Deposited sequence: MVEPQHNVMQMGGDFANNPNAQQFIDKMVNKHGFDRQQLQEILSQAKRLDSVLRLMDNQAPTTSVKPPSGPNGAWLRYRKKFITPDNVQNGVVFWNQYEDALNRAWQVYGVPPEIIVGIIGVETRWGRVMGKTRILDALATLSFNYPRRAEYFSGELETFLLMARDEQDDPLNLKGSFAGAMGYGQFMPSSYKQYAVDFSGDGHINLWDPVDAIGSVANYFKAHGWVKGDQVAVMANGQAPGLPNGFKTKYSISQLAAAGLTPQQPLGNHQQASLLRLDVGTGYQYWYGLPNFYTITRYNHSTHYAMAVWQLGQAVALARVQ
């Protein structure tokens, strides 16, 4: 009837003689009450993907921004964004009221991440996370905690750990949430009692709660383009200068900056020249989702493009 299989201490597969996997299995049993044998049967099925290890290692004015921008802001993309927006308008409006996060931001995020559920990932999450946990010393501790949370997530949502697919880093669903983002930020916005990252309505609320959690200020400006040039000052979303300093570099806000006394100096390579922007706090909040100036500007502008295509 019952098969304890205590004597089956050594598993097969790609992580068969892996010290890191054996340590992991011990932590899950001890700390979470997992059954060693059941876990071994799972991890023995996990694959060591060289592509995942190669991709994590892989990570003027020549028109940099334009090449990045046109990867997302195209007629076909803006049109699908309109459809997704109108289809999930109730969830989008409800998220605005509860979280203060606007529709165009959530639409832009889901748009750039998975093109609205069209490109969600083809790699099994266990393979990716197990590969980066047991064969990648550089980020092994970070990905171990992600595999840990993933296993617990698959247990809490009654998911079979092997049926779930996503990115090469183990990101999941419409919003490409990492296992730790699911734990800390995902919410049951659809109200069915479950938190599905692959459910459009849950994805919307979770992306909204993520933003609020990271300080998104309702109605506050995201960024404001500047008149003038400032080649002497360093730039990017991590920079920090006062409005007085920026003004001294020869800049001025194309729109009133409110009460803001500081901003980051963003610079977009528009081919013919450089375009400077006053990066406000809401812009930074976007980068907390994906640490990149280009990402954040692409998310915002994509949402803006879709906002206009609905107006018409």
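Within the chain's deposited sequence, the coordinate-free stretch is confined to 60 to 69.
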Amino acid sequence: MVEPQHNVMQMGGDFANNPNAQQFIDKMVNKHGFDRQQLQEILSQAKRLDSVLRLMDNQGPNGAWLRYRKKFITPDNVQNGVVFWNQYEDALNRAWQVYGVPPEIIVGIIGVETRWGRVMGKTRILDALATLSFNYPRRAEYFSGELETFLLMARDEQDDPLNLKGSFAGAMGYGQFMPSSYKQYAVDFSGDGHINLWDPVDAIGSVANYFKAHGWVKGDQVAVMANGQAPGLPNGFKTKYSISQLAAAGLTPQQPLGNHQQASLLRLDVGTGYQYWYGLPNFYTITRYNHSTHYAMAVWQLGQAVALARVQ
From here on, numbers count along this sequence of modelled residues.
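For the pair 172 to 180 and 215 to 223, the mean Cα B-factor is higher in 215 to 223. Stretches 137 to 145 and 118 to 126 differ in mean CA B factor, with 137 to 145 having the higher one. When the C-alpha B factors of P102, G236, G205, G232 are read from the deposited coordinates, the top value falls at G232.
As recorded in the entry, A154 carries the highest CA temperature factor of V82, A186, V201, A154. Among the modelled residues of its chain, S264 has a C-alpha B-factor that falls in the lowest third according to the deposited record. Remark: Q301 belongs to the middle third of its chain, ranked by C-alpha B-factor as recorded. The entry lists a Cα temperature factor for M56 that places it in the highest third of the chain's modelled residues. Among the modelled residues of the chain, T272 sits in the highest third by CA temperature factor in this PDB entry.
Per-chain ranking of the deposited C-alpha B factor places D76 in the middle third.
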